[PDB]
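Just the one chain here, the form deposited in one PDB entry, laid out as structure tokens.
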């Protein structure tokens, strides 16, 4: 074991190892609440997330297991890394809390854009890094599904990492058209839509699609990408869905070069390949990496795929104690980086 020390912040108690000092709150709410601290073993600043009631319910227990397993598997430069996981419990029986530690970052992608107008070369490097981490993650059948500026961290020198549940020191704005209108049977390209949305907002200083709800959001999207064609229509399972879309005033796809004028024509071409209604036609992360747009950063030799990731557990229905024990084993088996 190591040595812990109690203390309360905001209204939540923090039982952490002595190696972490200067716990300053960052943000709470969700299933987490996180603090910024100093890692004495490394001399570096870290982010420590104390999960809220980790094993209170079955959804909590399994979502706690899911995240731990995920973070444990992720070994890539553009994906948030797990520096350490700990608990102030000495046995499984007393196991009630879970703290996860990562590198502290410079800022949310939301701050960067919200501040000034980045250069084109900045857009290329940032979007290139997202896609690099995306290829890694997708190569393991992992779908982020919640890509947005706040889930994107960049340090002082514009180096980027993908995280999740980013707590700022509408997710529907970056939501693919399909995963809203339901349709179900969503896939990884759902992430490429988000990237296309993030990129557009980096080139222009505003939200591509600021929809107020699922209805507005879809309206904003279609004005751009148009209304579903006969080919897309043929692939829509839901009777209510195609009844819905087919009932709208039909819209044409817009000329992106007209929509994103002044933008690098190579960026527009990438935008065009990402912002496709039909998920089957969107470009993939890997194929996007070879796009002329990233000629300056692209290296097919430094664009790794992930070791295979087994998410069989996702299908399991277990008890809070079974998920908690599974999670305890994962904590115990943790080997630092």
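Think of the rigid core as the biggest set of C-alphas that the two forms share within 1.5 Å after superposition. Numbering follows the first chain given and starts at 1.
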| item | value |
| --- | --- |
| No coordinates for residue 169 in a third or more of the other PDB entries | yes |
| Unmodelled residue 249 in at least one third of other entries with both flanks present | no |
| Missing residues, deposited sequence, between residue 76 and residue 77 (class: none, 1 to 3, 4 to 9, 10 or more) | none |
| Which of 128-136 and 224-232 has higher mean CA B factor, as the PDB entry lists it | 224-232 |
| 49-57 or 24-32, whichever carries the higher mean Cα B-factor | 24-32 |
| Selection by C-alpha B-factor (highest) of 242, 253, 103, 72 | 242 |
| Of the residues 143, 267, 85, 92, the one carrying the largest Cα B-factor as recorded | 92 |
| Residue 325 by Cα B-factor - lowest, middle or highest third of the modelled chain | middle |
| Position of residue 308 among the chain's modelled residues by C-alpha B-factor, lowest, middle or highest third | middle |
| Chain thirds of CA B-factor: placement of residue 166 | middle |
| Cα B factor band for residue 319 (lowest, middle or highest third within the chain) | middle |
| Third of the chain, ranked by Cα B-factor, where residue 186 sits | highest |
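From this point on, the text means the form deposited in another entry, which you will not see here.
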property	result
Entry of 83, 245, 179, 263 that shows, once the rigid core is matched between this form and the one not shown, a C-alpha shift of 2 Å or more	245
